[PDB]
């Protein structure tokens, strides 16, 4: 209980999670063929993808993403609140999960449910998590940038190692009910990425309906919505509410790694990811 819940070799947050729900998640939760699920390692762009999916279902009309909080419109199945709400929700259901493949519901692998897996450059994921997690109460905090940098590459951080999460899920990449996307293609060509998603899910949008979704799904529009940027967390769970909105700390890895840290991280990545095709990863 040393500042985190330990379960099957993986660390989880202290507030909002319990050992028994995590066990029922694997052994008993029932997945349906009509469910749609967003899968990500934390801080890889979950909130932006969730906003786009709500907008496609509502044909571009936006008071929903402007009225309801992301954890209500796309709940995390492994948390208490999420598990409760989902277990009593009428199809179709839209939800999210950060779990690695060994802890995901057994029921899924016997289904036809559609999943979308989103990955991001791990240098930006490391920076974004450093600033976000060190600002949350009741969570084990690092004593310095250098110390967090070492935790991340050894794997002793929330939800485990980024290298193990990616290796576990990649073998599902050519299955019919699985779509692989990168944060980089989403930001460089949002419109082309929205079309890949509409084809995979198999729905049809009218011309004026696609125009509205395109208007409400821009990067800029995304960062300023209070329903999606986490700035609705109460003063009871945050250390300093004022820097929740700080800038230059949710990516921009070059402004934070020293030259020696970047050369050493390049060698580590090549070593660990050598058994997969290099061109699957669109970043230097």
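Numbering follows the first chain given and starts at 1.
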- line: Avg C-alpha B-factor, entry values, 261-269 vs 21-29, higher side is 21-29
Stretch exceeding the other in mean C-alpha B-factor - 112-120, 197-205: 197-205
message: Given 244, 36, 39, 52, identify the residue with the highest C-alpha B factor in the PDB entry.
response: 244
field: Of the residues 129, 171, 92, 105, the one carrying the largest Cα B-factor as recorded
entry: 92
field: For residue 188, the third of its chain into which the C-alpha B factor falls
entry: middle
message: Sorting by Cα B-factor within the chain, modelled residues only, which third would residue 67 end up in: lowest, middle or highest?
response: highest
Residue 164 - Cα temperature factor, lowest/middle/highest third of chain: lowest
message: Ranking every modelled residue in this chain by its Cα temperature factor as given in the entry, which third contains residue 144?
response: middle
Among modelled residues of the same chain, the CA temperature factor third for residue 156: lowest
